[PDB]
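FYI, the numbering for the first sequence is 654 to 676, 681 to 734, going by the deposited numbering. A short write-up of the structure that comes next.
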Amino acid sequence: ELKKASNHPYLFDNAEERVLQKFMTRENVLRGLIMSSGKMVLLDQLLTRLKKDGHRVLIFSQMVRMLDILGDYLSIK
DNA sequence: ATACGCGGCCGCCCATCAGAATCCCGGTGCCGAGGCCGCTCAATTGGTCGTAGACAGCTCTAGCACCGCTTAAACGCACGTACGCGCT
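Written out as structure tokens, the structure reads:
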């Protein structure tokens, strides 16, 4: 569980309400979701850079829950 | 022959001496810690040897985790029958 949580913290239950130190909002949840790990900020910056030109980017992940997390992050954007 | 007197009897309030009954102080029997104790045989003391078992090294099973194709089993709801249970 530490090896799986060594890159993304959102893997348990008491983790989303701990970061949210205020009040349903939508931009604050995604803002607190991207800034929780460096791979999300750098992934969004490189994704925007690739979107400024036009390429087909793929994401290969091992954890099946992280795919759903990306399913909840990329759908809002 | 005819009229007066009275006599113990008695209800009356009023007086004296013993007996009954409550309170002020009590002895008695039962229970449970104490003490005494003493002959003594089981624990303690001082001591040796050796062996279980702690411990560190090691390797080598199996318990975990994880995933996805497949599907039997669980789910929830709709409808009515045949019991739970209440009464007499």
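Backbone N, C-alpha and C fix where the C-beta goes; we use that ideal spot for every residue, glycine too.
To the nearest angstrom, how far is the alpha carbon of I726 from that of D710? Here residue 726 is taken as the residue at index 69 of the first sequence, counted from 1. Here residue 710 is taken as the residue at index 53 of the first sequence, counted from 1. Rounded to whole angstroms, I726 and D710 show a C-alpha spacing of 26 Å.
Does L707 pass the burial test, meaning 16 or more other C-beta atoms within 10 Å, or should it be called exposed? On the first sequence, residue 707 is found 50 positions in, with the first residue counted as 1. Its Cβ having fewer than 16 others within 10 Å, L707 is exposed.
Is it buried or exposed for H712, if we count other Cβ within 10 angstroms and need 16 for buried? Here residue 712 refers to the residue found at position 55 when the first sequence is read from its first residue. With fewer than 16 Cβ atoms within 10 Å of its Cβ, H712 is classed as exposed.
So is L699 buried or exposed if we call it buried at 16+ other beta carbons inside 10 Å? Along the first sequence, read from residue 1 onward, the residue named residue 699 stands at position 42. Result: exposed.
Who are the Cβ neighbours of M720 in its own chain at under 7 Å, not counting the five residues just before and after it? Within the first sequence, numbered from 1, the residue matching residue 720 stands at position 63. Cβ within range, chain order: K657.
By DSSP, does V714 sit in helix, in strand, or in coil? Looking up residue 714 in the first sequence gives position 57. DSSP places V714 in coil when its eight states are reduced to three.
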